[PDB]
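Notes to accompany the following structure.
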Amino acid sequence: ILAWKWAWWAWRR
(Lines give C-alpha, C1' and ligand atoms only; values in the text may rest on other atoms or scores of the structure.)
Protein backbone atom coordinates (compact mmCIF):
# COMPACT_ATOMS: atom_id res chain seq x y z
CA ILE A 1 0.00 0.00 0.00
CA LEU A 2 2.97 2.34 -0.54
CA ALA A 3 1.56 5.03 -2.87
CA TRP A 4 -0.77 8.06 -2.76
CA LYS A 5 1.08 11.39 -2.94
CA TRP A 6 2.41 10.14 -6.31
CA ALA A 7 -0.91 9.91 -8.19
CA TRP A 8 -1.25 13.64 -7.41
CA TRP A 9 1.22 15.18 -9.84
CA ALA A 10 0.01 12.44 -12.23
CA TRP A 11 -3.41 14.14 -12.36
CA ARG A 12 -2.00 17.60 -13.13
CA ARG A 13 -0.68 16.15 -16.41
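Just remember, in the C-alpha coordinates the first chain shown is A, the second B, etc., residues are 1-based per chain, and ligands are 1-based in the order shown.
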
As a PyMOL selection string, please: all residues of chain A that backbone DSSP puts in alpha helix (DSSP H).
chain A and resi 5-12

Store the residues picked out above, limited to N, CA and C atoms, as an mmCIF file, in the first residue's frame.
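selection.cif written:
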```
data_model
loop_
_atom_site.group_PDB
_atom_site.id
_atom_site.type_symbol
_atom_site.label_atom_id
_atom_site.label_comp_id
_atom_site.auth_asym_id
_atom_site.auth_seq_id
_atom_site.Cartn_x
_atom_site.Cartn_y
_atom_site.Cartn_z
ATOM 1 N N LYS A 5 0.633 10.022 -2.575
ATOM 2 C CA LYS A 5 1.079 11.395 -2.944
ATOM 3 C C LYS A 5 1.695 11.380 -4.348
ATOM 4 N N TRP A 6 1.823 10.220 -4.935
ATOM 5 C CA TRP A 6 2.407 10.135 -6.309
ATOM 6 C C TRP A 6 1.314 10.382 -7.351
ATOM 7 N N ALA A 7 0.198 9.717 -7.215
ATOM 8 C CA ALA A 7 -0.912 9.908 -8.192
ATOM 9 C C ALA A 7 -1.238 11.397 -8.339
ATOM 10 N N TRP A 8 -0.957 12.176 -7.330
ATOM 11 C CA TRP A 8 -1.252 13.636 -7.412
ATOM 12 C C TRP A 8 -0.671 14.222 -8.693
ATOM 13 N N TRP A 9 0.580 14.576 -8.654
ATOM 14 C CA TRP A 9 1.215 15.184 -9.844
ATOM 15 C C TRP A 9 0.803 14.441 -11.123
ATOM 16 N N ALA A 10 0.434 13.193 -11.014
ATOM 17 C CA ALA A 10 0.008 12.436 -12.230
ATOM 18 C C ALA A 10 -1.298 13.021 -12.769
ATOM 19 N N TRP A 11 -2.125 13.540 -11.903
ATOM 20 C CA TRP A 11 -3.410 14.137 -12.363
ATOM 21 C C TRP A 11 -3.137 15.458 -13.091
ATOM 22 N N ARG A 12 -2.305 16.280 -12.512
ATOM 23 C CA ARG A 12 -1.996 17.599 -13.130
ATOM 24 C C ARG A 12 -1.692 17.427 -14.620
#
```
